[PDB]
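# Structural characterization, general
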Amino acid sequence: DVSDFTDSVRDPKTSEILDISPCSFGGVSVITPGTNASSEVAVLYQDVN
Amino acid sequence: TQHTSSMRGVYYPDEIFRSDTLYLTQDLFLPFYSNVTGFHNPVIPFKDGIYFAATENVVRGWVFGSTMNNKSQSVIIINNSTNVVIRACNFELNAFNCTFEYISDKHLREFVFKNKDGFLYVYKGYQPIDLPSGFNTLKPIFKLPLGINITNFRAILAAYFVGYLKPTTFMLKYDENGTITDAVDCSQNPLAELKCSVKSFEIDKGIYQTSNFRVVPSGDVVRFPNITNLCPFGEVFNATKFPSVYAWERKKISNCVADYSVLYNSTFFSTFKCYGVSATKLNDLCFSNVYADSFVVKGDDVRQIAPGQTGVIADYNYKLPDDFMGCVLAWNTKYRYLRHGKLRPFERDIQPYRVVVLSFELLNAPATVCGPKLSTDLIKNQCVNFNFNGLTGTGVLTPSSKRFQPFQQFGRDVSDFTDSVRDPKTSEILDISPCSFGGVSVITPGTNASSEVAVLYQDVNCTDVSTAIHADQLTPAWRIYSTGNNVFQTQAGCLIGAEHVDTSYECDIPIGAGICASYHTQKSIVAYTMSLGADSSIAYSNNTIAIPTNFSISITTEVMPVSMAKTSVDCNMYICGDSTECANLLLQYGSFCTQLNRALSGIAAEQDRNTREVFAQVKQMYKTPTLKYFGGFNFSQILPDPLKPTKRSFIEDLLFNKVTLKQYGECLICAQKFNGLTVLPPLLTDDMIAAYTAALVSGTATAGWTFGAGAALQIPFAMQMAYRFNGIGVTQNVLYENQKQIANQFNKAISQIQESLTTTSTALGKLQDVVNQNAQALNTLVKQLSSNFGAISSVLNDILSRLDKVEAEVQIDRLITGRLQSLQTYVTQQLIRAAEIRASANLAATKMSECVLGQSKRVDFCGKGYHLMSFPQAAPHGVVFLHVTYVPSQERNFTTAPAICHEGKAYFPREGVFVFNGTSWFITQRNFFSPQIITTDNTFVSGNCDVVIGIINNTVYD
Amino acid sequence: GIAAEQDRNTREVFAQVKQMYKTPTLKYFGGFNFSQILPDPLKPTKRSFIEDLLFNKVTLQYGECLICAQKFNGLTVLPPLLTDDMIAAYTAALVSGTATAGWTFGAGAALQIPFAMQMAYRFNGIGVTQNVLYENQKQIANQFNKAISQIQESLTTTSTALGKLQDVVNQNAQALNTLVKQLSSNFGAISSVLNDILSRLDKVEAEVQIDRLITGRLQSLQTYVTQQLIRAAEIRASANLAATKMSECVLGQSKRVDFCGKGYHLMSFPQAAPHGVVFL
Amino acid sequence: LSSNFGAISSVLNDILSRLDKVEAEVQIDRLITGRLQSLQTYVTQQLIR
Amino acid sequence: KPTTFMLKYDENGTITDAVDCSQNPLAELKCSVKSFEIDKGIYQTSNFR
Ligand SMILES: *[C@@H]1O[C@H](CO)[C@@H](O)[C@H](O)[C@H]1NC(C)=O
Ligand SMILES: *[C@@H]1O[C@H](CO)[C@@H](O)[C@H](O)[C@H]1NC(C)=O
Ligand SMILES: *[C@@H]1O[C@H](CO)[C@@H](O)[C@H](O)[C@H]1NC(C)=O
Ligand SMILES: *[C@@H]1O[C@H](CO)[C@@H](O)[C@H](O)[C@H]1NC(C)=O
Ligand SMILES: *[C@@H]1O[C@H](CO)[C@@H](O)[C@H](O)[C@H]1NC(C)=O
Ligand SMILES: *[C@@H]1O[C@H](CO)[C@@H](O)[C@H](O)[C@H]1NC(C)=O
Ligand SMILES: *[C@@H]1O[C@H](CO)[C@@H](O)[C@H](O)[C@H]1NC(C)=O
Ligand SMILES: *[C@@H]1O[C@H](CO)[C@@H](O)[C@H](O)[C@H]1NC(C)=O
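Numbering of residues starts from 1 on every chain and follows the written order of that chain's sequence, so it may differ from the entry's own numbering; residues lacking coordinates are omitted. For this description, chains carry letters from A and ligands carry numbers from 1, given in the order in which they are written. This view holds some of the chains of a larger assembly, and the values cover only those chains. Excluded from the side-chain calculation are hydrogens and water; included are all heavy atoms of the structure.

Structure determination for this entry, per the PDB record, employed cryo-EM and reached 3.14182 Å resolution.

## Regarding the arrangement of the chains
The pair of protein chains exhibiting the most contacts, out of five pairs of chains in contact, is chains B and C. When checking whether two residues touch, look at their non-hydrogen atoms; a contact exists if any pair is within 4.5 Å. One finds no contact between chain A and chain D; the C-alpha atoms of the two approach each other to within 25 Å at their closest.

## Examining the pairing of strand β14 (residues 152-156) of chain B
Residues and elements named next belong to chain B. Only protein chains enter the calculation, and the probe is 1.4 Å; a residue is then buried if its accessible area is under 20% of its type maximum, exposed if over 50%, and partly exposed in between. Here a strand is any run of E in DSSP of at least two residues, a helix any run of H or I of at least four, and the numbering for each starts at the N terminus. For β14, a buried count of four out of five residues is recorded, marking the element as mostly surrounded by other parts of the structure. Pairing of strand β5 (residues 44-45) with β14, which is carried by two bridges, proceeds in the antiparallel orientation. Note on β14: the bridge partner recorded for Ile 44 is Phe 153. Bridge count for strand β7 (residues 61-65) against β14 is five bridges, and the pairing is antiparallel. Among the inter-strand pairings, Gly 61 is bridged to a residue of β14, identified as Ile 156. Whether two strands pair depends on DSSP finding at least two bridges between them.

## Brief notes about the sheet that holds strand β16 (residues 166-174) of chain B
Sheets are built from strands paired through backbone hydrogen bonds, the pairs being either parallel or antiparallel. Residue and element names in this part refer to chain B. The strand order β3-β16-β17 describes an open sheet built from three strands, whose pairing is antiparallel. The open sheet is flanked by β3 (22-29) and β17 (180-185), the only strands paired with a single partner. Ignoring strand direction, the axes of neighbouring strands in this sheet form an average angle of 35°. Taken together, the eight bridges between β3 and β16 define a ladder with antiparallel strand orientation. Paired with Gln 26 across the strands is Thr 169, a residue of β16. For helices, the fitted axis covers only the stretch in contact; all axes are lines through C-alpha atoms, and the angles between them, taken along N-to-C directions, range from 0 to 180 degrees. Across the sheet, helix α1 (residues 190-197) is in contact with β3, β16 and β17; its angle to β17 comes to roughly 120°.

## Some remarks on the sheet that holds strand β25 (residues 353-360) of chain B
Residues and elements named next belong to chain B. Strand order in the open sheet formed by five strands is β20-β23-β25-β24-β21, with antiparallel pairing between adjacent strands. A single partner strand is all that each edge strand has here, and the edge strands are β20 (249-253) and β21 (271-275). In this sheet, neighbouring strand axes are inclined to one another by 15° on average, regardless of whether the strands run parallel or antiparallel. The sheet contact formed by β21 and strand β24 (residues 326-332) spans five bridges and is antiparallel. Residue pairing across strands places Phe 272 opposite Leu 329, the latter belonging to β24.

In structure tokens:
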């Protein structure tokens with residue numbers, strides 16, 4: 001690819017074409033109503049299924 | 001004979017699958033449209049490569065060699081029946097020595113033979129059909145590790161063609177599959193360079209900067225002083241008696257031709273370490289005079305004779321400065337003990353080794369000790385390479401008018417540049433100037449319209465450029481390019497390829513200092529002086545006035561950007577990836593990535609605030625009426641339609657199809673990339689923005705201007721338009737009597753906007769520019785990951801798998817530094833561009849509040865005319881305002897008076913002007929012709945008739 | 001991008017009229033003397049007399065040309081798309097259209113009207129009846145002419161009223177001086193001269209010295225470009241305000257308090273300056 | 001000011017008290033480069049604000 | 001004594017005038033702004049210890 005990243009490969013035994021993808025990553029947000037009102041939160045995991 | 005090779009001889013550069021990319025590489029390619037030789041068996045040269053093509057089996061192999069005798073090795077490739085045999089022996093043209101052998105087991109056959117690093121690459125294609133014209137791509141067959149020089153070749157049996165490869169740059173195009181389908185040669189035209197620079201095949205219209213030009217030097221000027229005597233290094237080195245280290249001696253060496261190569265071409269010296277110079281470069285430099293320090297020293301004290309040492313000799317006997325230029329020589333073959341205080345450098349107080357120290361004066365005076373180099377003549381008024389006593393450079397030489405006092409050799413500037421010098425032989429003062437350089441612009445009318453260009457050479461006199469082009473001495477040396485007879489001088493530079501006309505038009509492509517360019521009539525590229533505007537004469541008179549007698553309704557458009565694309569980055573994935581040594585090495589830099597994540601996140605929050613500020617200005621959601629006909633004014637194309645699936649209206653659909661847009665990692669089912677980049681979605685969807693603009697239009701058409709300050713109050717539309725006619729200074733009867741004409745003009749103008757938006761003329765270029773700038777910023781950021789910044793590779797995994805950790809530390813440090821800098825540049829430019837977008841959104845919010853929710857009296861604020869009402873429509877990343885204004889059209893000349901006199905009292909008009917019908921005197925309003933009888937109801941009385949300059953006599957009715 | 005934006009600013013402020021109205025032969029409209037703000041046909045230049053004072057007021061290396069010379073540091077200054085003569089032609093047509101048509105050419109086509117009736121309408125628009133103009137016309141003409149004369153004399157007095165355009169000149173020059181002066185530092189190398197390093201040292205250590213100089217000079221150029229982007233933003237905001245003022249105060253009569261002078265606004269005139277505009 | 005940017009310490013007094021000058025030049029160069037970059041970033045963002 | 005001077009060179013090339021940059025506050029101001037005639041105002045020149 002355009003940033004010198006290998007994104008496919010040929011298997012040296014069965015000669016099958018494989019695709020390479022990163023496994024999931026992203027940011028973590030914490031939703032809180034204020035620590036003086038409660039001590040529970042919710043977490044958003046951004047941009048994944 | 002001669003033929004032409006049009007777009008032939010492209011091969012695959014390496015062995016990597018690529019698809020749907022434009023790839024840009026440098027190798028030995030056969031240039032497009034270059035000359036080939038048709039042989040219809042000479043010993044043909046093999047300069048850097050060939051392109052051999054054979055149209056018919058008269059050709060079965062080749063012989064590649066050096067002398068083509070039995071005195072040098074020669075590879076022979078040949079094709080028997082079902083065998084391809086390669087041998088590399090000495091041949092008579094049976095085998096004396098050999099080391100390589102390989103046996104393995106109309107229509108056009110094309111081959112490329114390239115030889116480098118002891119390997120002979122061979123490529124091969126095939127195509128079924130003089131040389132035909134077309135494109136064909138050649139695949140590799142075999143490379144051979146046979147290490148022989150190839151300067152000649154010969155075929156073996158005729159109709160075959162031979163080209164020649166040269167090092168060029170090609171921009172190859174890869175299919176949806178992996179195949180190369182197209183290419184451009186980036187040194188054929190200015191236009192091909194322009195296509196390679198913007199990385200596209202289709203160019204728009206305009207002026208673009210591509211590269212820079214240079215004028216290359218033709219000459220070489222060496223000047224050295226008049227010195228002939230050989231230099232007495234014998235008396236200093238091969239000497240019988242040397243003093244002790246506490247009483248070292250000094251010998252001055254001047255006015256000699258030093259050789260310095262009788263010193264390092266021998267193993268006679270134990271140590272030879274030079275500070276400030278290197279030994280091989282001493283034969284070109286030259287010095288004022290050299291001093292030699294001769295003394296005798298012990299074994300393990302030669303280490304102690306160096307800049308910055310301690311001990312007994314380096315503190316009480318002999319000391320060197322820290323800034324030492326010169327060097328020391330010791331070979332195999334007494335001192336102070338007590339002293340109050342240390343010595344100052346080069347000052348003395350009054351197994352064995354033998355040492356001599358040489359110290360050079362570098363050109364604070366005339367040079368005398370110069371090395372053995374020849375001297376040439378002066379070449380004035382010409383770009384040359386000079387060398388005046390070791391002071392090199394490149395530039396032109398002219399006679400100068402500076403008065404050097406007789407101890408100065410050369411002059412200086414504020415950026416440490418030498419710009420004047422004294423000749424060592426004739427002692428005349430010469431000026432030094434750079435050769436010509438600057439930028440190169442390419443002016444194009446679009447590749448859809450033509451394939452001709454014009455070139456501007458910026459900020460140069462171009463008698464120089466014409467002379468350097470015709471002598472083939474300009475660095476951007478385009479092959480198929482001619483100057484022509486059109487050379488025109490501007491203050492911008494000069495323009496090659498555009499002709500000068502004398503008819504002025506409005507500006508199309510701005511070149512500079514009054515000059516534009518366009519594409520007129522067969523067609524050509526012209527160059528004129530821009531005309532500033534159409535011409536009129538308006539005739540000032542002291543007793544006439546002009547008053548409109550009709551009016552027209554005009555609806556105009558204004559496009560404003562409001563927001564841009566929100567972006568986040570992962571530092572540890574962009575800089576490092578999956579590695580765990582990079583993470584630990586990046587921890588040493590503090591919080592750079594917490595800082596970067598805050599900066600980008602605050603930008604994204606600001607984008608959402610922008611949109612809420614512009615659009616969320618109503619507090620109640622008014623429903624669109626079921627009937628969209630209000631007294632003749634058809635509102636159908638600006639309000640939503642209940643029998644469509646979407647919420648956008650007709651003009652909004654046109655606007656959304658108008659702007660044409662990634663593959664970075666946003667969530668749309670969704671994927672994500674190895675570079676760590678993302679685009680975050682907005683808080684307000686397109687449906688909620690369209691609900692907002694529909695509520696605003698509905699509230700305008702129902703309630704009017706009253707919902708923007710307090711509560712909404714219903715009013716029929718014709719009364720609303722009558723009140724707005726008052727607000728611009730016209731009475732209400734002018735609408736109530738001419739209502740059908742006004743309704744028809746409103747409807748026809750709405751239809752004209754719809755048709756002009758469907759016409760695919762670019763009026764939404766601002767939102768497109770927002771899109772384009774964001775994409776090019778992210779493309780630069782991703783492409784910066786291919787650079788290595790001095791490391792051996794740009795890939796961390798290759799560095800980590802091919803090297804130990806103690807070297808991987810320094811290579812990963814170079815990569816970490818470069819990538820942190822690239823990411824910091826991205827964030828700074830995003831902050832500046834965010835400030836600009838926020839100013840534009842602030843203005844869009846002011847226009848929604850003062851031109852949609854009200855009626856504004858500010859001149860040209862919303863429209864060109866007198867404002868009546870406005871409508872918001874939503875666009876991708878912005879808003880479109882459709883301003884309805886009032887234009888008065890047909891004029892008429894009248895005779896006017898300031899006041900009239902009736903009975904000795906002066907009467908002035910209340911609201912209007914006095915005009916002369918041609919028969920009698922009436923009173924009318926300024927913005928429409930409606931004459932009325934002059935009475936006491938529309939006049940007021942002040943004073944008598946002896947003071948107003950221009951008063952008349954007329955009767956006033958009661 | 002900065003270079004293109006500068007020409008856009010100038011086009012936005014000055015090119016605001018459709019049609020080029022010729023300056024009248026007589027410059028005396030009911031007692032109001034316009035001789036100092038319109039060009040004289042008996043001179044070789046297009047600028048008026050007050051514009052000549054303004055151009056003499058501001059006192060404006062690197063390559064540039066007009067013979068064409070170059071410098072060893074690679075720095076130029078590019079010429080603007082609109083000449084001083086074209087900006088003077090713009091402001092002359094604006095003054096002429098005001099003195100002949102008044103306010104009607106910012107909305108449609110121009111319509112002629114005698115100057116005293118135009119002033120009576122402007123007095124009416126600030127809330128004063130028209131007889132106050134028509135009965136005291138001579139005094140108002142005299143006060144106008146005396147104020148124009150004091151504007152002339154206070155610009156001749158060599159007071160620094162034009163400090164903003166001088167500040168623009170000074171900031172740009174000192175940025176470029178710092179950029180050229182950064183070429184004397186060596187950033188750790190043995191010398192700041194590349195030719196000395198390349199003529200007295202072998203390849204393997206010249207690589208190290210040249211890498212140090214390359215790093216330092218890349219950092220210097222990056223600082224220059226970032227600060228030029230921020231200053232371009234300032235100049236663009238100021239030009240946007242000047243275009244708003246030319247629309248609302250030269251082509252109309254503004255009711256906004258203290259937008260166009262201190263008082264009740266009647267009428268306003270544009271003059272050209274180096275890199276700017278002066279509103280009277 | 002607590003980061004060391006690759007040097008053996010974040011303190012100039014420790015580097016100058018426990019090391020000879022020929023290595024102290026290298027360590028102080030690393031610290032000088034890091035601190036110049038930090039101060040430059042502060043001035044740029046103050047201009048924008 | 002080891003001092004700093006600011007030397008003025010002619011158009012011909014001779015030294016005509018100079019200031020001693022450690023004699024007065026004003027001479028330091030002249031050396032820091034690199035001119036001989038100062039305008040009116042308040043100017044920052046150096047730092048004290
Ligand atoms: C084979 O090569 C050697 C040197 O490589 C040469 O001396 C010898 O003469 C060659 N053989 C014959 C038969 O000439
Ligand atoms: C010179 O003389 C003084 C006093 O005699 C002495 O302190 C000093 O070390 C001597 N040598 C040098 C190099 O100054
Ligand atoms: C140097 O030698 C040249 C001859 O090549 C002679 O013409 C010139 O006068 C000499 N100049 C000096 C200063 O010796
Ligand atoms: C005004 O113009 C319209 C067409 O735009 C025309 O129908 C109408 O008759 C005109 N009015 C007069 C008074 O001429
Ligand atoms: C309003 O305009 C639309 C768009 O042309 C048209 O289809 C519709 O018939 C119009 N409504 C009328 C004439 O009542
Ligand atoms: C003057 O007014 C009368 C009506 O009062 C009108 O018939 C006549 O056309 C007008 N004169 C001219 C020259 O139009
Ligand atoms: C208008 O002003 C000019 C400049 O003072 C003057 O020369 C001219 O006589 C005046 N015009 C008159 C008084 O009509
Ligand atoms: C420079 O030298 C010339 C002699 O050519 C002399 O007339 C002049 O006075 C000198 N000084 C200056 C400041 O020009």
